[PDB]
Every structure is written in C-alpha cells, then in structure tokens.
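For reference, my_file_2.pdb is printed below; it contains PDB, N, CA and C atoms.
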ATOM      1  N   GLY A 209      21.878  32.494 -29.306
ATOM      2  CA  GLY A 209      21.137  32.005 -28.136
ATOM      3  C   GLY A 209      21.985  32.096 -26.866
ATOM      4  N   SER A 210      21.616  33.008 -25.969
ATOM      5  CA  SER A 210      22.502  33.511 -24.913
ATOM      6  C   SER A 210      22.533  32.695 -23.620
ATOM      7  N   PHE A 211      21.415  32.090 -23.216
ATOM      8  CA  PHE A 211      21.216  31.571 -21.853
ATOM      9  C   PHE A 211      21.587  30.094 -21.664
ATOM     10  N   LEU A 212      22.532  29.584 -22.450
ATOM     11  CA  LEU A 212      23.071  28.234 -22.278
ATOM     12  C   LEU A 212      23.622  28.042 -20.854
ATOM     13  N   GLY A 213      23.457  26.848 -20.291
ATOM     14  CA  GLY A 213      23.825  26.564 -18.899
ATOM     15  C   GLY A 213      22.764  26.933 -17.854
ATOM     16  N   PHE A 214      21.628  27.511 -18.253
ATOM     17  CA  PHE A 214      20.414  27.557 -17.438
ATOM     18  C   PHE A 214      19.330  26.651 -18.016
ATOM     19  N   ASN A 215      18.619  25.926 -17.162
ATOM     20  CA  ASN A 215      17.274  25.463 -17.474
ATOM     21  C   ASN A 215      16.352  26.677 -17.433
ATOM     22  N   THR A 216      15.691  27.004 -18.534
ATOM     23  CA  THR A 216      14.870  28.212 -18.646
ATOM     24  C   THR A 216      13.395  27.855 -18.572
ATOM     25  N   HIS A 217      12.643  28.573 -17.747
ATOM     26  CA  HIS A 217      11.198  28.426 -17.599
ATOM     27  C   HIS A 217      10.527  29.768 -17.805
ATOM     28  N   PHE A 218       9.466  29.789 -18.602
ATOM     29  CA  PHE A 218       8.714  30.999 -18.880
ATOM     30  C   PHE A 218       7.360  30.968 -18.183
ATOM     31  N   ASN A 219       7.048  31.992 -17.396
ATOM     32  CA  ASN A 219       5.727  32.149 -16.808
ATOM     33  C   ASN A 219       4.730  32.607 -17.875
ATOM     34  N   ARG A 220       3.619  31.883 -18.037
ATOM     35  CA  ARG A 220       2.597  32.177 -19.058
ATOM     36  C   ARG A 220       1.168  32.264 -18.521
ATOM     37  N   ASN A 221       0.952  31.993 -17.235
ATOM     38  CA  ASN A 221      -0.353  32.046 -16.570
ATOM     39  C   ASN A 221      -0.706  33.426 -15.982
ATOM     40  N   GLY A 222       0.029  34.479 -16.328
ATOM     41  CA  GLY A 222      -0.256  35.835 -15.865
ATOM     42  C   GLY A 222       0.219  36.167 -14.454
ATOM     43  N   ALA A 223       0.970  35.286 -13.790
ATOM     44  CA  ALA A 223       1.524  35.545 -12.462
ATOM     45  C   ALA A 223       2.720  36.508 -12.435
ATOM     46  N   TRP A 224       3.475  36.656 -13.529
ATOM     47  CA  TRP A 224       4.688  37.475 -13.547
ATOM     48  C   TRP A 224       4.420  38.953 -13.242
ATOM     49  N   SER A 225       5.312  39.598 -12.490
ATOM     50  CA  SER A 225       5.210  41.007 -12.114
ATOM     51  C   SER A 225       6.346  41.806 -12.765
ATOM     52  N   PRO A 226       6.167  42.306 -13.998
ATOM     53  CA  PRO A 226       7.258  42.851 -14.797
ATOM     54  C   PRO A 226       7.828  44.161 -14.253
ATOM     55  N   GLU A 227       7.120  44.846 -13.360
ATOM     56  CA  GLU A 227       7.630  46.005 -12.639
ATOM     57  C   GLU A 227       8.603  45.628 -11.513
ATOM     58  N   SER A 228       8.637  44.363 -11.091
ATOM     59  CA  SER A 228       9.495  43.872 -10.009
ATOM     60  C   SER A 228      10.729  43.123 -10.495
ATOM     61  N   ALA A 229      10.617  42.291 -11.530
ATOM     62  CA  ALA A 229      11.724  41.477 -12.016
ATOM     63  C   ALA A 229      11.714  41.324 -13.534
ATOM     64  N   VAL A 230      12.908  41.304 -14.110
ATOM     65  CA  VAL A 230      13.175  40.809 -15.459
ATOM     66  C   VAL A 230      13.351  39.295 -15.423
ATOM     67  N   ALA A 231      14.164  38.765 -14.512
ATOM     68  CA  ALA A 231      14.364  37.329 -14.351
ATOM     69  C   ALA A 231      14.832  36.972 -12.940
ATOM     70  N   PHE A 232      14.578  35.744 -12.500
ATOM     71  CA  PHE A 232      15.228  35.147 -11.331
ATOM     72  C   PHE A 232      16.244  34.125 -11.805
ATOM     73  N   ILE A 233      17.438  34.124 -11.231
ATOM     74  CA  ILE A 233      18.435  33.071 -11.419
ATOM     75  C   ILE A 233      18.587  32.343 -10.088
ATOM     76  N   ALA A 234      18.499  31.019 -10.053
ATOM     77  CA  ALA A 234      18.505  30.254  -8.806
ATOM     78  C   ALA A 234      19.279  28.942  -8.898
ATOM     79  N   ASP A 235      19.752  28.451  -7.759
ATOM     80  CA  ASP A 235      20.138  27.057  -7.589
ATOM     81  C   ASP A 235      18.893  26.240  -7.267
ATOM     82  N   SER A 236      18.395  25.497  -8.243
ATOM     83  CA  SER A 236      17.159  24.738  -8.121
ATOM     84  C   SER A 236      17.210  23.643  -7.064
ATOM     85  N   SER A 237      18.384  23.185  -6.630
ATOM     86  CA  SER A 237      18.466  22.180  -5.564
ATOM     87  C   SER A 237      17.973  22.731  -4.223
ATOM     88  N   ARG A 238      18.016  24.053  -4.064
ATOM     89  CA  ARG A 238      17.743  24.795  -2.834
ATOM     90  C   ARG A 238      16.345  25.391  -2.744
ATOM     91  N   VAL A 239      15.493  25.185  -3.737
ATOM     92  CA  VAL A 239      14.081  25.582  -3.714
ATOM     93  C   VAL A 239      13.231  24.326  -3.725
ATOM     94  N   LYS A 240      12.276  24.181  -2.803
ATOM     95  CA  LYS A 240      11.373  23.019  -2.807
ATOM     96  C   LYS A 240       9.922  23.438  -2.653
ATOM     97  N   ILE A 241       9.036  22.808  -3.418
ATOM     98  CA  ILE A 241       7.593  23.021  -3.327
ATOM     99  C   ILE A 241       6.992  21.777  -2.698
ATOM    100  N   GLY A 242       6.379  21.905  -1.533
ATOM    101  CA  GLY A 242       5.655  20.825  -0.891
ATOM    102  C   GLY A 242       4.259  20.710  -1.473
ATOM    103  N   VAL A 243       3.921  19.563  -2.037
ATOM    104  CA  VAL A 243       2.584  19.263  -2.553
ATOM    105  C   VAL A 243       1.893  18.343  -1.556
ATOM    106  N   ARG A 244       1.231  18.928  -0.558
ATOM    107  CA  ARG A 244       0.468  18.178   0.451
ATOM    108  C   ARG A 244      -0.793  17.553  -0.134
ATOM    109  N   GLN A 245      -1.443  18.242  -1.065
ATOM    110  CA  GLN A 245      -2.595  17.749  -1.812
ATOM    111  C   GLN A 245      -2.632  18.444  -3.168
ATOM    112  N   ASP A 246      -2.438  17.706  -4.255
ATOM    113  CA  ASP A 246      -2.587  18.250  -5.608
ATOM    114  C   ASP A 246      -4.058  18.599  -5.893
ATOM    115  N   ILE A 247      -4.362  19.364  -6.940
ATOM    116  CA  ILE A 247      -5.711  19.895  -7.188
ATOM    117  C   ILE A 247      -6.747  18.767  -7.264
ATOM    118  N   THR A 248      -7.705  18.769  -6.339
ATOM    119  CA  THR A 248      -8.833  17.825  -6.274
ATOM    120  C   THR A 248     -10.150  18.547  -6.503
ATOM    121  N   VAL A 249     -11.054  17.943  -7.270
ATOM    122  CA  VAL A 249     -12.381  18.484  -7.594
ATOM    123  C   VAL A 249     -13.476  17.704  -6.870
ATOM    124  N   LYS A 250     -14.408  18.389  -6.202
ATOM    125  CA  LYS A 250     -15.655  17.803  -5.679
ATOM    126  C   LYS A 250     -16.864  18.407  -6.371
ATOM    127  N   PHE A 251     -17.751  17.571  -6.883
ATOM    128  CA  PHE A 251     -19.049  17.984  -7.401
ATOM    129  C   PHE A 251     -20.054  18.188  -6.263
ATOM    130  N   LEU A 252     -20.614  19.387  -6.138
ATOM    131  CA  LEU A 252     -21.598  19.762  -5.127
ATOM    132  C   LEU A 252     -22.978  19.914  -5.759
ATOM    133  N   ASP A 253     -24.009  19.364  -5.137
ATOM    134  CA  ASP A 253     -25.390  19.424  -5.624
ATOM    135  C   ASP A 253     -26.411  19.677  -4.514
ATOM    136  N   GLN A 254     -26.180  19.204  -3.292
ATOM    137  CA  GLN A 254     -27.035  19.493  -2.139
ATOM    138  C   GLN A 254     -26.563  20.682  -1.303
ATOM    139  N   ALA A 255     -25.294  21.071  -1.402
ATOM    140  CA  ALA A 255     -24.673  22.040  -0.507
ATOM    141  C   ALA A 255     -25.317  23.438  -0.499
ATOM    142  N   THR A 256     -24.949  24.240   0.489
ATOM    143  CA  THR A 256     -25.317  25.651   0.606
ATOM    144  C   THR A 256     -24.064  26.506   0.591
ATOM    145  N   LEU A 257     -24.133  27.659  -0.058
ATOM    146  CA  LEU A 257     -23.043  28.614  -0.202
ATOM    147  C   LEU A 257     -23.507  29.962   0.336
ATOM    148  N   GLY A 258     -22.673  30.680   1.072
ATOM    149  CA  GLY A 258     -23.038  31.951   1.692
ATOM    150  C   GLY A 258     -24.002  31.825   2.872
ATOM    151  N   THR A 259     -24.310  32.952   3.495
ATOM    152  CA  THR A 259     -25.203  33.057   4.660
ATOM    153  C   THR A 259     -26.042  34.322   4.557
ATOM    154  N   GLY A 260     -27.185  34.363   5.238
ATOM    155  CA  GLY A 260     -28.094  35.510   5.181
ATOM    156  C   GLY A 260     -28.592  35.789   3.764
TER     157      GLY A 260
ATOM    158  N   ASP B 261     -25.975  33.512  12.445
ATOM    159  CA  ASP B 261     -24.558  33.684  12.803
ATOM    160  C   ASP B 261     -23.837  32.375  13.164
ATOM    161  N   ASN B 262     -24.563  31.354  13.614
ATOM    162  CA  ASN B 262     -24.011  30.045  13.962
ATOM    163  C   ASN B 262     -23.939  29.063  12.784
ATOM    164  N   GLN B 263     -24.289  29.475  11.567
ATOM    165  CA  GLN B 263     -24.363  28.580  10.417
ATOM    166  C   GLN B 263     -22.983  28.066   9.982
ATOM    167  N   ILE B 264     -22.816  26.748   9.907
ATOM    168  CA  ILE B 264     -21.660  26.078   9.307
ATOM    169  C   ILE B 264     -22.130  25.422   8.014
ATOM    170  N   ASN B 265     -21.707  25.929   6.863
ATOM    171  CA  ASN B 265     -21.886  25.249   5.586
ATOM    172  C   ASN B 265     -20.721  24.269   5.408
ATOM    173  N   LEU B 266     -20.901  22.962   5.605
ATOM    174  CA  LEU B 266     -19.766  22.029   5.661
ATOM    175  C   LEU B 266     -18.897  22.057   4.398
ATOM    176  N   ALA B 267     -19.488  21.971   3.207
ATOM    177  CA  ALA B 267     -18.724  21.901   1.962
ATOM    178  C   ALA B 267     -17.916  23.172   1.676
ATOM    179  N   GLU B 268     -18.468  24.331   2.006
ATOM    180  CA  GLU B 268     -17.869  25.641   1.777
ATOM    181  C   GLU B 268     -16.692  25.941   2.707
ATOM    182  N   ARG B 269     -16.681  25.363   3.911
ATOM    183  CA  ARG B 269     -15.588  25.459   4.891
ATOM    184  C   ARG B 269     -14.635  24.268   4.857
ATOM    185  N   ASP B 270     -14.780  23.377   3.887
ATOM    186  CA  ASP B 270     -13.995  22.151   3.764
ATOM    187  C   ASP B 270     -14.062  21.215   4.986
ATOM    188  N   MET B 271     -15.250  21.080   5.557
ATOM    189  CA  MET B 271     -15.522  20.280   6.738
ATOM    190  C   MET B 271     -16.395  19.083   6.412
ATOM    191  N   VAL B 272     -16.448  18.152   7.347
ATOM    192  CA  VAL B 272     -17.341  17.000   7.358
ATOM    193  C   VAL B 272     -17.877  16.832   8.766
ATOM    194  N   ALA B 273     -18.902  16.021   8.953
ATOM    195  CA  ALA B 273     -19.427  15.729  10.269
ATOM    196  C   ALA B 273     -19.938  14.303  10.358
ATOM    197  N   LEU B 274     -19.942  13.735  11.556
ATOM    198  CA  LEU B 274     -20.742  12.554  11.848
ATOM    199  C   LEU B 274     -22.034  12.995  12.505
ATOM    200  N   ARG B 275     -23.154  12.426  12.080
ATOM    201  CA  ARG B 275     -24.408  12.433  12.834
ATOM    202  C   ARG B 275     -24.568  11.070  13.466
ATOM    203  N   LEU B 276     -24.715  11.015  14.778
ATOM    204  CA  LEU B 276     -25.029   9.797  15.514
ATOM    205  C   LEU B 276     -26.426   9.912  16.103
ATOM    206  N   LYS B 277     -27.274   8.901  15.925
ATOM    207  CA  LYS B 277     -28.638   8.889  16.471
ATOM    208  C   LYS B 277     -29.087   7.497  16.883
ATOM    209  N   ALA B 278     -29.995   7.438  17.844
ATOM    210  CA  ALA B 278     -30.659   6.228  18.312
ATOM    211  C   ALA B 278     -32.094   6.552  18.726
ATOM    212  N   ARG B 279     -32.979   5.553  18.740
ATOM    213  CA  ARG B 279     -34.368   5.685  19.201
ATOM    214  C   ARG B 279     -34.653   4.754  20.370
ATOM    215  N   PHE B 280     -35.054   5.305  21.510
ATOM    216  CA  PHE B 280     -35.282   4.568  22.759
ATOM    217  C   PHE B 280     -36.628   4.886  23.398
ATOM    218  N   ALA B 281     -37.186   3.926  24.118
ATOM    219  CA  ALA B 281     -38.384   4.054  24.929
ATOM    220  C   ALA B 281     -38.146   3.435  26.302
ATOM    221  N   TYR B 282     -38.883   3.857  27.316
ATOM    222  CA  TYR B 282     -38.854   3.236  28.637
ATOM    223  C   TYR B 282     -40.271   3.085  29.182
ATOM    224  N   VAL B 283     -40.563   1.956  29.821
ATOM    225  CA  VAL B 283     -41.835   1.731  30.518
ATOM    226  C   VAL B 283     -41.594   1.148  31.902
ATOM    227  N   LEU B 284     -42.356   1.621  32.880
ATOM    228  CA  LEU B 284     -42.387   1.094  34.236
ATOM    229  C   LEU B 284     -43.714   0.384  34.493
ATOM    230  N   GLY B 285     -43.660  -0.896  34.834
ATOM    231  CA  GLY B 285     -44.827  -1.749  35.032
ATOM    232  C   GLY B 285     -45.531  -1.564  36.370
ATOM    233  N   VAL B 286     -45.870  -0.330  36.744
ATOM    234  CA  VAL B 286     -46.798  -0.039  37.845
ATOM    235  C   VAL B 286     -48.140  -0.692  37.533
ATOM    236  N   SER B 287     -48.628  -1.528  38.436
ATOM    237  CA  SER B 287     -49.683  -2.502  38.174
ATOM    238  C   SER B 287     -50.300  -2.953  39.487
ATOM    239  N   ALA B 288     -51.438  -3.626  39.435
ATOM    240  CA  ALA B 288     -51.925  -4.382  40.569
ATOM    241  C   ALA B 288     -51.060  -5.626  40.804
ATOM    242  N   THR B 289     -50.869  -5.993  42.063
ATOM    243  CA  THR B 289     -50.316  -7.286  42.501
ATOM    244  C   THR B 289     -51.357  -8.002  43.352
ATOM    245  N   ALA B 290     -51.041  -9.176  43.893
ATOM    246  CA  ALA B 290     -51.877  -9.828  44.897
ATOM    247  C   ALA B 290     -52.126  -8.969  46.155
ATOM    248  N   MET B 291     -51.313  -7.939  46.401
ATOM    249  CA  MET B 291     -51.445  -7.012  47.526
ATOM    250  C   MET B 291     -52.397  -5.839  47.275
ATOM    251  N   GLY B 292     -52.750  -5.511  46.029
ATOM    252  CA  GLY B 292     -53.641  -4.383  45.726
ATOM    253  C   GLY B 292     -53.322  -3.645  44.433
ATOM    254  N   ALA B 293     -53.965  -2.501  44.215
ATOM    255  CA  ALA B 293     -54.233  -1.971  42.878
ATOM    256  C   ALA B 293     -53.100  -1.205  42.171
ATOM    257  N   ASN B 294     -52.244  -0.487  42.892
ATOM    258  CA  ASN B 294     -51.371   0.532  42.294
ATOM    259  C   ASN B 294     -49.946   0.451  42.855
ATOM    260  N   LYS B 295     -49.253  -0.649  42.573
ATOM    261  CA  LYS B 295     -48.026  -1.024  43.277
ATOM    262  C   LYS B 295     -46.794  -0.705  42.440
ATOM    263  N   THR B 296     -45.854   0.052  42.996
ATOM    264  CA  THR B 296     -44.651   0.501  42.278
ATOM    265  C   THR B 296     -43.488  -0.469  42.494
ATOM    266  N   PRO B 297     -42.806  -0.935  41.440
ATOM    267  CA  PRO B 297     -41.803  -1.993  41.534
ATOM    268  C   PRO B 297     -40.375  -1.502  41.830
ATOM    269  N   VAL B 298     -40.199  -0.241  42.215
ATOM    270  CA  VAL B 298     -38.902   0.384  42.473
ATOM    271  C   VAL B 298     -38.942   1.266  43.710
ATOM    272  N   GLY B 299     -37.886   1.198  44.509
ATOM    273  CA  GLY B 299     -37.623   2.089  45.623
ATOM    274  C   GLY B 299     -36.235   2.711  45.525
ATOM    275  N   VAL B 300     -35.967   3.727  46.330
ATOM    276  CA  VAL B 300     -34.715   4.489  46.285
ATOM    277  C   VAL B 300     -34.161   4.739  47.680
ATOM    278  N   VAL B 301     -32.846   4.640  47.837
ATOM    279  CA  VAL B 301     -32.145   5.211  48.986
ATOM    280  C   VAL B 301     -31.663   6.595  48.586
ATOM    281  N   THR B 302     -32.126   7.645  49.247
ATOM    282  CA  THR B 302     -31.709   9.034  48.994
ATOM    283  C   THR B 302     -30.557   9.431  49.920
ATOM    284  N   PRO B 303     -29.685  10.382  49.550
ATOM    285  CA  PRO B 303     -28.494  10.698  50.332
ATOM    286  C   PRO B 303     -28.807  11.356  51.675
ATOM    287  N   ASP B 304     -27.867  11.253  52.612
ATOM    288  CA  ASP B 304     -27.943  11.937  53.897
ATOM    289  C   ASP B 304     -27.687  13.441  53.727
ATOM    290  N   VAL B 305     -28.735  14.251  53.856
ATOM    291  CA  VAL B 305     -28.665  15.717  53.751
ATOM    292  C   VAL B 305     -28.825  16.420  55.101
ATOM    293  N   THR B 306     -28.763  15.695  56.221
ATOM    294  CA  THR B 306     -28.928  16.273  57.568
ATOM    295  C   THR B 306     -27.601  16.255  58.332
ATOM    296  N   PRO B 307     -27.046  17.413  58.733
ATOM    297  CA  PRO B 307     -25.785  17.457  59.463
ATOM    298  C   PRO B 307     -25.959  16.974  60.915
ATOM    299  N   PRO B 308     -24.918  16.397  61.537
ATOM    300  CA  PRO B 308     -24.986  15.865  62.895
ATOM    301  C   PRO B 308     -25.125  16.978  63.937
TER     302      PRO B 308
END
Kindly present the structure from the file in structure tokens form.
Amino acid sequence: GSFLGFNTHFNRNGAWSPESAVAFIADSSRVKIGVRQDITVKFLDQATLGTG
Amino acid sequence: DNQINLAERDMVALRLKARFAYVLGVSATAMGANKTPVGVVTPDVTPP
C-alpha cells in the first residue's frame, strides 16, 4: 500500500477527467469551498416553466 | 417577451393592493339646486 501520508479521496460521481489528470496532490489547508447555501428542494405545483 | 416566471428565475414578489372610492356631495342647499362644495386657486400663468 503505497500512498501512506496522504488522505486519499476517490471521485465516483463521474466528474473525473482521465485525459487531463491521474491525480492531484494538494495542501488541504490552502483549498476552501464556500457553502453559501447547501442543496435545498422546493416543491412546485402552481408555477410555469418556459415561454412561448 | 416580458414574461417573468418567478420560480424558474429564483425570484419572489410582493403584490400590494387596496380598494378606494370617492364621492363629492354636490347637492341643493338653502341657496338653490346644484351647489358645489369646493373651489380652487389656480396658478398665475400671465407674465407682467
């Protein structure tokens, strides 16, 4: 088992681009994701979608 | 072309409304038949 000393994460949602990268190695303290609003669902029943 | 679908554009709106009526009591007085209860001062539109 080769990758000791990394926290390893595997992309499984089909976002990976295998023609561009084999792997990214990063300092995780220096990457931040701002979550202004996490995924919210609204049920629509009266609304209109599209035009013409 | 002016259509805003609020839910599809992630918008909301307020609708504000009121219902009003007006009546002027033009009526007979002790002076006679068709008397108006309001007068007006109109602006000076004549140059010196």
Select all residues from chain A having any atom no more than 8 Å from an atom of chain B (counting all atoms listed in the file, ignoring ligands), output as a PyMOL selection string. chain A and resi 252+255-260
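Computed from the coordinates, the atom N of residue 237 in chain A to atom N of residue 215 in chain A distance equals 10.9 Å.
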Got a sec to tell me which of chain B DSSP assigns to strand (DSSP E), as a ChimeraX atom specification? /B:287-289,292-295
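With the shown file loaded, the PyMOL selection byres (((chain B and resi 278-284 and name CA) around 10) and name CA) picks out residues 276, 277, 285, 286, 287, 296, 297 and 298 of chain B.
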Could you please determine the separation between CA of residue 214 in chain A and CA of residue 233 in chain A in Å, to one decimal place?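 The value is 8.4 Å.
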Explicit residue set for the PyMOL selection byres (((chain A and resi 231 and name CA) around 12) and name CA), as a ChimeraX atom specification: /A:211,214,216-219,224-230,232-234
Go ahead and compute the interatomic distance for atom C of residue 244 in chain A and atom C of residue 222 in chain A, in Å to one decimal.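 Computing it gives 23.5 Å between the two atoms.
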